[PDB]
């Protein structure tokens, strides 16, 4: 029996039910030496298990080794038709475990090459970006560890040298997925159920190289500036700073759009995993650099535009909650009362402009990458 039944009411009633398990790996994903091996075996397992489990009434089976705030987690997910609306009842969690343990090794070997090529392609496309690659190079130098940047989806050289003798580590992976301690999430009948109260302590990498300049020579330009914040609270990381990013580079007449329209393709994004706010803009970049810096240094706010950013960010959160997968991901990742979408929305509505000035005082520049 579960130790608790944390039922969150007031949830949108979906056409399907969801049963998820989140199993924690306390060690940081940078500390895991077999990171490329665990990723490949997990994808091989998911593909094989999916063929046996994704039958009626199960609509989708999910099994991934995911990173939540620089910590690895095994996340198993099951989307299924409710028994009242299904011709067949859904398997129990014990029967799902038994299917995972009944996976044949030849089935896994039959997926080895396809899963290896799949993950190899993800590593390349994640590193081979026109705009995101600048933020990847910054995170590599700012943190002095390529696991936070280029090797976030796995190192290419480590992943490409994997042979099919990885099959012998499959029992270790099956055991961790089935017997490792974890939390169960159950979405059904307009409610979210969590098996226990346990918030996994977040980890944010500290900047080791402060004031990074990526002087890079290449022919067709693009620039990317990185910023961080000190004394980041949960309210700032999950609400205030995402609001601040939309305020300055996303919500309509953003501060950067109006500022850079004087010169006359702007993008910004706050990375919660690294606590880094990036600003990417496509000779003329030299004036844009000083123009962006001075604008961020002399940033100001007002309550009317702040209230609009609260409304916009609430509706963006509401849109995520519309999707049952967006809702599940929110409840898994958030801490404490933020797991409740209503409490999360209420927290957005209760923000004030003094929060932005506290964030402005704790903001600083850490790096800049130009190609």
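Numbering follows the first chain given and starts at 1.
The deposited sequence places no unmodelled residues between residue 201 and residue 202, so the chain runs continuously there. The entry models residue 264 and residue 265 with a gap of 4 to 9 deposited residues left without coordinates. As listed in the deposited structure, the average C-alpha B-factor of 248-256 and of 158-166 is greater for 248-256. In this entry, the higher average B-factor at the C-alpha atoms falls on 134-142, of the pair 134-142 and 237-245.
The PDB entry assigns the greatest CA B-factor among 334, 52, 42, 30 to 30. Of the candidates 301, 219, 185, 97, the one whose C-alpha carries the top B factor in the deposited record is 219. When all modelled residues of the chain are sorted by CA temperature factor, residue 172 is found within the lowest third.
Ranked within its chain, residue 290 lands in the highest third, by CA B factor from the PDB record. Among the modelled residues of its chain, residue 326 has a C-alpha B-factor that falls in the lowest third, as given in the PDB entry. Ranked by Cα temperature factor within the chain, residue 350 sits in the lowest third according to the deposited record. The entry lists a Cα temperature factor for residue 57 that places it in the middle third of the chain's modelled residues.
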